[PDB]
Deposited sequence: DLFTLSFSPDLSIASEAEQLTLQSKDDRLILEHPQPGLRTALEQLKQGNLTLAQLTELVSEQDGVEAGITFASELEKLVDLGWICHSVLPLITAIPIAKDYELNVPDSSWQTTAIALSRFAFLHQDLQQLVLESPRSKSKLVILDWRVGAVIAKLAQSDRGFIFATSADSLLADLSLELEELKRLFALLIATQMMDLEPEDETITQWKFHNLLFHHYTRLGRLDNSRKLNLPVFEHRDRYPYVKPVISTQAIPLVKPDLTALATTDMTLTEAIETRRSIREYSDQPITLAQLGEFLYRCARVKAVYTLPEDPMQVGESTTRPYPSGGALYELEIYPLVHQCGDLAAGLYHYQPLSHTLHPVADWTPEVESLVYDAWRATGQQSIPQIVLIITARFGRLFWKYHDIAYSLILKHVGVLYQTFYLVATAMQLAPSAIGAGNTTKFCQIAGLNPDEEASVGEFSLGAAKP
C-alpha cells in the first residue's frame, strides 16, 4: 500500500539447510521448511523492490491465496517490531529506530493545508549517507537522491505557511521530480513526524532542540582499544606534589555523624567563616569522597579493560572517568590557583597560578551562588571521556552527568559531617577552564562544579 517494503539493515538473515532464521538483537524468527513462494517473497524483501500487494502476489502465485493472505497478515507483525523499511524509490527510505512502530499515511487534505518542516528535524551525515532525523520520530530517513535535499532546502526556506497546492510548482520546475514522486515523499515525511500539520505546539514549545535530541537518543562486546591512552588514573600533570592528610576511617566508622543525621541536617551553605577552609580539611574531605581505595585487574573481562579502581562512590561500568580540580581562592596552607587532585597518591598538583583567567572562574561561581560570600575552594569536576565512551554507545554522557550528581550528594553529606559549607553549582564555562588548564576539550572537559568553604559555628 503505497511504498516499497524492505528489511531493516539491523536485521540479519541466516539461511540454512531446512531452516530460515530472521534475527535482530531482541527478536528471533525461525521458519522450518518454508515454501517456494514464501521464500521468493522473503528474498524480494531483502532486495526492496516491491509493495505489499506485489509481495502477496509472489507468495500466492506459487503457494496459493491462503498462504499469501497469511503472509500479509503475519508481515504486519514484523512492521510493528521495526523490521520493515518503507521507501519511495529512488528518493528516500524510512528505517524504524524503535519497536511498536506504525505509519499512518495522511488524508489528501494535507495538500491544501499549511505545513512546515519540524523545527526538531535535522539532516546530518550518519555513515556514508545523508539522514533526516527527529527526536519526535520513530524513523530515520536515508536520503538516496540529492534532489530530496533540494526539496528540504526549499521547505526550510519557505514562510510559516507552505501550502503544497500553491507552492509545489517551484519544486517540480527546477528539480526534475514528477508530481507523484513529490506527493509520496511528502506523505512519508508527514507519516514519519518530520512535518507539522499544526504549525503551533503546546508542551513541545518548552523544549530546546539540543535537550529533546539528547533525551530521545539516551532513553531508548566492545573492546577498550585505547586503554593505554585512558588509564585508571590520569598521568601526573606537575612535578610539584602537595601531600594531603589521611583520616582514621576505622575511628570515623564509629565516631562519625549518622547517615540519618547527615541527610536530615544537610543544607546548602553559601556564607562562610572568616577563617578559610584548611588544607587538612580539604585533605580529609577528598579522601572520604574521591580516593582510590584499591587497584585490581578483573581476571576474566573479554572487554580488555585492564586495571580499574574502587572508590567511595558508585559508577556506571566501574571505570571512574572523573577528575577533580580544586580551584583555590582562599585556603589554609595553600597559595591561590588551580590544582589537580590525584586520588591514588592522595596529592595536589599545581595546574595554574592566580591569573585574571583563573579569577573569572571564581567570579562565575560566586555569581552562580547568589554573590553571598567570596568562594574559598571551588571543586571543578572534569571527565576523561575516552575512559567511558568506548563502552557506551549513546548513554555515556548521560552516565557522566549522573556520576556528577552521585558525587555532589557524596560531597554534600561528607561536608555536612565535617561541618563545612557545601553548595553544588549548576553551570560553568568549560572552554574557559580547558584553556586555563592544559586540556584538549574533546579529550577532557569540566562537567560539574561544587563550592566548599568553612562554615560558621
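No C-alpha positions are given for the deposited-sequence stretch 221-230, and it is the only one.
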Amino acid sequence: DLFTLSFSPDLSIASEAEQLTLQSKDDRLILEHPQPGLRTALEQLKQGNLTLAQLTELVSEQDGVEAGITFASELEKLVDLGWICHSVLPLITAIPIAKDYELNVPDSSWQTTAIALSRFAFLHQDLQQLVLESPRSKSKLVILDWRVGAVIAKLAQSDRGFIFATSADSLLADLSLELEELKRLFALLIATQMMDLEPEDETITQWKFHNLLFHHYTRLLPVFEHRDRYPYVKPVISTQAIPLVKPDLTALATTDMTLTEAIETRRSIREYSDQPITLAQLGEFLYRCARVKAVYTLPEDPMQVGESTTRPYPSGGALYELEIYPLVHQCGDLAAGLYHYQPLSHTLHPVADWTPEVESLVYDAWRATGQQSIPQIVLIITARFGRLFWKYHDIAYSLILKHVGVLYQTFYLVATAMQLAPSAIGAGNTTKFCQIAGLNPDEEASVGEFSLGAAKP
From here on, numbers count along this sequence of modelled residues.
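Per the PDB record, of the two stretches 312-320 and 356-364, 356-364 carries the greater mean B-factor over its C-alpha atoms. Of the two segments, 226-234 and 159-167, the one listed with the higher mean B-factor is 159-167 (C-alpha atoms only). Highest CA B-factor among the listed residues (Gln342, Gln281, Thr239, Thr369): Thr239.
When the C-alpha B-factors of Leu212, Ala262, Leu252, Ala294 are read from the PDB record, the largest value belongs to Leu252.
When the CA B factors of the chain's modelled residues are split into thirds, the value for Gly48 lands in the highest one. Compared with the other modelled residues of the chain, the Cα B-factor recorded for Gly337 ranks in the middle third. Remark: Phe122 belongs to the lowest third of its chain, ranked by C-alpha B-factor as recorded. Split the chain's modelled residues into thirds by C-alpha temperature factor. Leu132 is in the lowest one. When the modelled residues of the chain are ordered by their C-alpha B factor, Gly149 lands in the middle third.
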